[PDB]
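K.L.:
Here it is: the structure, laid out below.
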Amino acid sequence: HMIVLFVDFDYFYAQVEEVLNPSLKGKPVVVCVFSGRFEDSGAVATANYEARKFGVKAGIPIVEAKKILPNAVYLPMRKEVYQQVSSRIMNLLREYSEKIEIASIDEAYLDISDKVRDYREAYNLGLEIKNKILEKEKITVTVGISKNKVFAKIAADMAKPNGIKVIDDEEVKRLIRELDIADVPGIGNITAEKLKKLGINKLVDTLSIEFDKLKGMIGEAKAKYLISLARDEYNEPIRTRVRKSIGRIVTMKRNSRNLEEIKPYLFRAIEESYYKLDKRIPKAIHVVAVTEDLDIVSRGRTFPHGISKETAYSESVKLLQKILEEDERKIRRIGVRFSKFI
DNA sequence: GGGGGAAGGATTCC
DNA sequence: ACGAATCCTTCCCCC
Ligand SMILES: Nc1nc2c(ncn2[C@H]2C[C@H](O)[C@@H](COP(=O)(O)OP(=O)(O)OP(=O)(O)O)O2)c(=O)[nH]1
Ligand SMILES: [Mg+2]
Ligand SMILES: [Mg+2]
Ligand SMILES: [Mg+2]
Numbered sequence: 000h001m002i003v004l005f006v007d008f009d010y011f012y013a014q015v016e017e018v019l020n021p022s023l024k025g026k027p028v029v030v031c032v033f034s035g036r037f038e039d040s041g042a043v044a045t046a047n048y049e050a051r052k053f054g055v056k057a058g059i060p061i062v063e064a065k066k067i068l069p070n071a072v073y074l075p076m077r078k079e080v081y082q083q084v085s086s087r088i089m090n091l092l093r094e095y096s097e098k099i100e101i102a103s104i105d106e107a108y109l110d111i112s113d114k115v116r117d118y119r120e121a122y123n124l125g126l127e128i129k130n131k132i133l134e135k136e137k138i139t140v141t142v143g144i145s146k147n148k149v150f151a152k153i154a155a156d157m158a159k160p161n162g163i164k165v166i167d168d169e170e171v172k173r174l175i176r177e178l179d180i181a182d183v184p185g186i187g188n189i190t191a192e193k194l195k196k197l198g199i200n201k202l203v204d205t206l207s208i209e210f211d212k213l214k215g216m217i218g219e220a221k222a223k224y225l226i227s228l229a230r231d232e233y234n235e236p237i238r239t240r241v242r243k244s245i246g247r248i249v250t251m252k253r254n255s256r257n258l259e260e261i262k263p264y265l266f267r268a269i270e271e272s273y274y275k276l277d278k279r280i281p282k283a284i285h286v287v288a289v290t291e292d293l294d295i296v297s298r299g300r301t302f303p304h305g306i307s308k309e310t311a312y313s314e315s316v317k318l319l320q321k322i323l324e325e326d327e328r329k330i331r332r333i334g335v336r337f338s339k340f341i
């Protein structure tokens with residue numbers, strides 16, 4: 000009977016910049032995402048507690064970060080470097096199990112059902128791993144432990160930052176009971192506002208509702224997931240997830256609408272994009288446009304054969320042309336996205 | 001009806 | 001105000 004270990008790295012990006020210059024440690028760090036529209040324009044990717052302490056988190060404008068903390072250290076995002084770093088740490092969890100699911104860049108799940116016998120021995124294996132990474136890589140994590148991936152993640156969510164927490168089989172009930180419902184994975188404000196109205200505040204509130212309204216309300220899938228979870232019967236296993244799509248979406252230097260000028264940003268997007276594909280040939284391709292007021296439209300197309308960079312360019316025009324058509328608005332951003340690899 | 005499946009908007013979250 | 005996997009919904013051609 001199953002025990003899942005979820006490991007998340009504390010303020011990952013921000014921490015990689017600290018690991019690479021401890022002269023930053025103890026200071027408020029903000030990894031920012033620029034664009035080139037107006038000096039210090041962009042958004043916040045992540046920020047260590049010092050800055051996160053005073054409300055500076057992700058997706059929030061770079062100015063609002065300064066107006067709050069003018070003396071904070073701001074650094075552009077640098078995936079490349081962060082990717083290497085992670086992979087290594089991710090190659091170290093692979094030493095603890097073959098039943099491993101790498102969900103993101105900062106987190107993975109382990110099925111230690113056959114390495115440890117219980118929560119003291121598992122939570123034992125926890126501390127061991129927090130140290131085996133804190134010493135070899137200079138990166139602290141947070142470990143969550145319960146019976147299904149869903150609850151493991153949650154465990155760790157609480158016990159943060161830098162911490163290990165386990166939710167025995169008893170607390171699952173304390174939580175299918177007490178745990179708010181919007182503090183659940185896959186339940187962003189949209190769906191929560193829905194549940195609100197549905198007169199649902201906790202996991203259990205679903206258990207007492209005519210499914211069919213829950214279906215049309217949130218969408219059968221979420222509907223079955225919430226139910227199956229509230230009935231201590233949720234249990235999808237740890238599966239190695241495969242990259243299913245790739246794509247870049249750069250931000251133009253100024254809201255536009257004539258084809259010619261728009262074109263180049265897009266070719267750069269397909270350019271970088273392709274470098275990232277590497278050895279991977281896709282059969283699909285979309286063109287994503289972010290209108291002037293931040294809405295979205297994207298046209299696509301699938302081929303019976305794998306796309307070539309030379310073909311990628313042609314289609315990424317008939318699709319931009321198709322977009323610049325029925326949608327009139329001015330175009331703010333734009334970019335390409337390749338799916339359906341061969 | 002119902003399957004196979006492609007298109008595009010929506011929704012969560014790193 | 002800055003990538004992706006899943007989910008849903010319509011649209012569709014052919015058995
Ligand atoms: N570009 C961008 N990056 C984000 C956003 N949200 C999160 N990230 C990135 C920054 C983090 O280094 C990486 C992992 O995010 P986490 O939610 O696990 O937080 P982080 O690792 O920063 O520390 P945390 O666990 O949140 O205390 O995801 C976002 O909205 N935009
Ligand atoms: Mg993290
Ligand atoms: Mg939520
Ligand atoms: Mg996370």
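Taken in order, the first sequence gives residues 0 to 341; the numbers are from the deposited numbering. Even for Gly, the Cβ is constructed at its ideal location relative to N, Cα and C.
What's the C-alpha gap between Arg116 and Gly187?
P.N.:
Cα to Cα, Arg116 sits roughly 35 Å from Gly187.
K.L.:
Is the separation between the beta-carbon of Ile180 and that of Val165 shorter than 8 Å?
P.N.:
Not a contact, by the Cβ cut-off of 8 Å.
K.L.:
Going by C-alpha distance, which of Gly305, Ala283, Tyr264 is nearest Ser338?
P.N.:
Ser338 has its Cα closest to that of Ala283, out of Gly305, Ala283, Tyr264.
K.L.:
Determine the contact status of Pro21 and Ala71, defining contact as a CB-CB distance below 8 Å.
P.N.:
Contact flag unset, no.
K.L.:
If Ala44 and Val32 are in contact, beta carbons under 8 Å, what's the gap, nearest whole angstrom?
P.N.:
Sure, about 5 Å apart at Cβ, within 8 Å.
K.L.:
Who are the Cβ neighbours of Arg253 in its own chain at under 8 Å, not counting the five residues just before and after it?
P.N.:
Once the five neighbours on either side are set aside, the close Cβ partners of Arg253 are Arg36.
K.L.:
I'd like to know if the region 188-207 and the region 130-140 are in contact, where contact means that at least 3 CB-CB pairs between them fall below 8 Å.
P.N.:
Short answer: they don't touch.
K.L.:
Starting from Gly143, follow its DSSP beta bridges and name the residues at the other end.
P.N.:
Answer by DSSP bridge pairing, in chain order: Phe5, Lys164.
K.L.:
Enumerate, from N- to C-terminal direction, the unbroken alpha helix (DSSP H) stretches of 4 or more residues contained entirely within the region 246-294.
P.N.:
You should have 258-276.
K.L.:
Please state whether DSSP places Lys201 in a helix, a strand or coil.
P.N.:
Of the three classes helix, strand and coil, the one that applies to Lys201 here is strand, per DSSP.
K.L.:
Cutting at 8 Å between CB atoms, please list the residues of its own chain near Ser96, excluding the five before and the five after it.
P.N.:
Excluding residues within five positions, the ones whose Cβ falls inside 8 Å are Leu109, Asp110, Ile111, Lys114.
K.L.:
How about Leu318 and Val286: are their beta carbons less than 8 Å apart?
P.N.:
Yes, the pair counts as a contact, with Cβ atoms nearer than the cut-off.
K.L.:
Within this structure, are the beta carbons of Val6 and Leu124 separated by less than 8 Å?
P.N.:
Against a cut-off of 8 Å, the Cβ pair of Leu124 and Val6 comes out as no contact.
K.L.:
Let's see if you can read the secondary structure: which residues bound the alpha helix (DSSP H) around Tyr48?
P.N.:
First-last of the alpha helix (DSSP H) with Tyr48: 48-51.
K.L.:
Going by other Cβ atoms of all chains shown within 10 Å of its Cβ, with 16 needed for buried, is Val241 buried or exposed?
P.N.:
Exposed, since its Cβ has fewer than 16 Cβ neighbours within 10 Å.
K.L.:
Comparing alpha-carbon positions, which option in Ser313, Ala121, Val29, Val3 lies nearest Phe266?
P.N.:
Closest by alpha carbon: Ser313.
K.L.:
For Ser85, which option in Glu259, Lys98, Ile104, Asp294 has the closest C-alpha, if you only look at C-alpha atoms?
P.N.:
Checking every option, the nearest Cα to that of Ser85 belongs to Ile104.
K.L.:
Is it buried or exposed, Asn257, if we count other Cβ atoms within 10 angstroms and call 16 or more buried?
P.N.:
Exposed, because fewer than 16 other Cβ atoms sit within 10 Å of the Cβ of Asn257.
K.L.:
For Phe8, count neighbouring Cβ atoms within 10 angstroms of its own Cβ and tell me buried if that reaches 16, exposed if not.
P.N.:
So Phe8 counts as buried.
K.L.:
Just reading off the beta strand (DSSP E) that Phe337 is part of, what are its end residues?
P.N.:
Residues 330-338.
K.L.:
Would you call the region 267-275 and the region 321-328 touching, i.e. three or more CB-CB distances under 8 Å?
P.N.:
Short answer: they don't touch.
K.L.:
Taking DSSP's pairing of strands, which residues face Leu109 in a bridge?
P.N.:
In DSSP, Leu109 forms a bridge with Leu4, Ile99.
K.L.:
Closest to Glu170 by CA distance: which of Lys275, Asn161, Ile153, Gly162 is it?
P.N.:
Per the Cα distances, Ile153.
K.L.:
Less than 8 Å between the C-beta atoms of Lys159 and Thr139, yes or no?
P.N.:
Cβ atoms of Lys159 and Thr139: not closer than 8 Å.
K.L.:
What residue does the alpha helix (DSSP H) around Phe11 start on, and which one ends it?
P.N.:
Where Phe11 is concerned, the enclosing alpha helix (DSSP H) stretches over 11-18.
K.L.:
Alpha carbon to alpha carbon, how far is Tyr118 from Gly185?
P.N.:
In a straight line, the C-alpha of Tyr118 is about 26 Å away from that of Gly185.
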